[PDB]
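Values below: all heavy atoms of this structure, side chains included; hydrogens, waters and symmetry mates excluded. Every number for a ligand or one of its atoms is a count from 1 in the order of the listing. Numbered from 1 within each chain, the chains take letters A, B, ... in sequence-line order.
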Amino acid sequence: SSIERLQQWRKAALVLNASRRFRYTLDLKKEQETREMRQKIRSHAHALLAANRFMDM
Amino acid sequence: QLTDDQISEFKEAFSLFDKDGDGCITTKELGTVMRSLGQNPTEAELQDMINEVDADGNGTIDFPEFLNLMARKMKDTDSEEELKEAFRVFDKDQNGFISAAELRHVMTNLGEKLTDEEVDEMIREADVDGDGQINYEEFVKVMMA
Amino acid sequence: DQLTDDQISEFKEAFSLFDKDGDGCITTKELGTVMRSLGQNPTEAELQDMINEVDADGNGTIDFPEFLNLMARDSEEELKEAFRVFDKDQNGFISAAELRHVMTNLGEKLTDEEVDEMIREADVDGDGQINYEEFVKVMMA
Ligand SMILES: [Ca+2]
Ligand SMILES: [Ca+2]
Ligand SMILES: [Ca+2]
Ligand SMILES: [Ca+2]
Ligand SMILES: [Ca+2]
Ligand SMILES: [Ca+2]
Ligand SMILES: [Ca+2]
Ligand SMILES: [Ca+2]
């Protein structure tokens with residue numbers, strides 16, 4: 001069946017694409033969480049350095 | 001709103017992930033499909049991917065949630081880029097032609113149970129220039145039809 | 001990362017303030033102390049999450065090379081940020097009270113005198129407070 005053969009091709013490509021989308025979804029989460037945590041720790045380090053400058057004068 | 005034919009095609013792909021047929025994709029089902037395709041996410045990562053797609057938070061991905069995932073826009077996604085990426089998967093040796101043996105591997109990796117003759121007929125169906133191989137143009141024609 | 005020696009000395013300075021027992025490893029306890037001293041209320045699980053993110057070698061603590069990679073990776077909105085940590089008035093001026101609060105929260109139990117003294121040396125125009133220019137000036141840059 002010509003229609004069944006072509007659908008089988010499409011279904012394979014869609015499954016590959018779906019897997020890629022699931023993965024990309026994770027990569028986005030991870031990059032956002034990483035930036036968040038980093039900016040958080042950095043802002044605290046800068047706060048400490050600011051304090052230390054007041055002690056150093 | 002997508003074509004009633006698009007919807008039918010998404011259901012076929014969904015049904016492949018949902019191997020026990022209950023209408024819900026679990027972390028275990030997602031893991032099984034990805035591993036066969038040559039990926040190897042940790043359980044933690046599988047859970048995270050389910051979580052990002054699980055809109056109602058009920059623990060599993062239903063057809064509407066899957067549909068939403070497949071319909072989104074992404075950024076690296078110049079519709080043609082997704083096609084090129086799919087092609088590179090089929091065309092394992094990157095020589096620009098999907099051979100019968102290469103399609104055999106994709107079908108095996110998808111857990112489909114096609115005979116060699118069935119895969120040959122798939123090649124024949126998509127092959128317009130009759131070289132017994134599928135090039136990118138041929139691939140796109142089949143995909144964008 | 002590849003920065004100047006002055007930059008590296010500065011980041012070692014920040015690192016030493018986290019690493020309160022001086023063993024060369026920041027633990028979740030040490031990170032929790034700093035954060036809480038600065039008005040934050042992380043849970044234990046959130047502290048472990050933060051350490052895990054930075055702990056490139058999996059030993060559960062942050063060493064200096066790992067901390068440097070953190071600090072190393074637009075470039076002047078963080079000076080306003082620092083000032084903000086002190087200006088809880090968002091009135092454009094660090095008061096004696098506000099500086100006292102932060103400085104004491106950080107363990108520098110200063111008497112109202114030492115505080116006023118600190119204010120007096122930083123205050124260039126004499127308005128009794130520290131504005132953005134007087135602040136950046138104390139930072140050096
Ligand atoms: Ca299922
Ligand atoms: Ca769900
Ligand atoms: Ca090939
Ligand atoms: Ca051909
Ligand atoms: Ca320590
Ligand atoms: Ca470490
Ligand atoms: Ca103020
Ligand atoms: Ca002033």
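Using a 4.5 Å heavy-atom cutoff, the side chains of A/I41 and C/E53 are not in contact.
With 3.0 Å as the limit, C/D63 does not count as an N, O or S neighbour of the Ca ion (ligand 6).
The angle subtended at the Ca ion (ligand 6) by OE1 of C/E66 and OD1 of C/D55 is 110°, given to the nearest 10°. Take the Ca ion (ligand 6) as the corner point: the lines to OD1 of C/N59 and to O of C/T61 open at 80°, to the nearest 10 degrees.
Remark: C/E121 CD is loosely packed, at most 12 non-hydrogen atoms of other residues, nucleotides or ligands lying under 6.0 Å away.
Between the C/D116 side chain and the C/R120 main chain, no donor and acceptor come within less than 3.5 Å of each other.
Excluding waters, the set of protein N, O or S atoms lying under 3.0 Å from the Ca ion (ligand 3) comprises B/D91 OD1, B/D93 OD1, B/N95 OD1, B/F97 O, B/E102 OE1, B/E102 OE2.
Atom OD1 is the N/O/S atom of C/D57 found closest to the Ca ion (ligand 6).
A/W9 and B/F90 have parallel rings, their planes meeting at less than 30° on a 0 to 90° scale where 60° marks the start of perpendicular. Using cut-offs of 30° and 60° for the angle between ring planes, the C/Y132 and C/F135 rings count as tilted. Taking the six-membered ring where the residue is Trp, A/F22 and B/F17 present tilted rings, their angle falling between 30° and 60°.
Shown here are the salt bridge (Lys or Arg N to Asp or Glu O under 4.0 Å) partners of A/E33, two or more places apart in sequence or in another chain: A/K29.
In summary, the side chains of C/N69 and C/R73 do not present any donor paired with an acceptor at a separation below 3.5 Å, with no hydrogens or angles considered.
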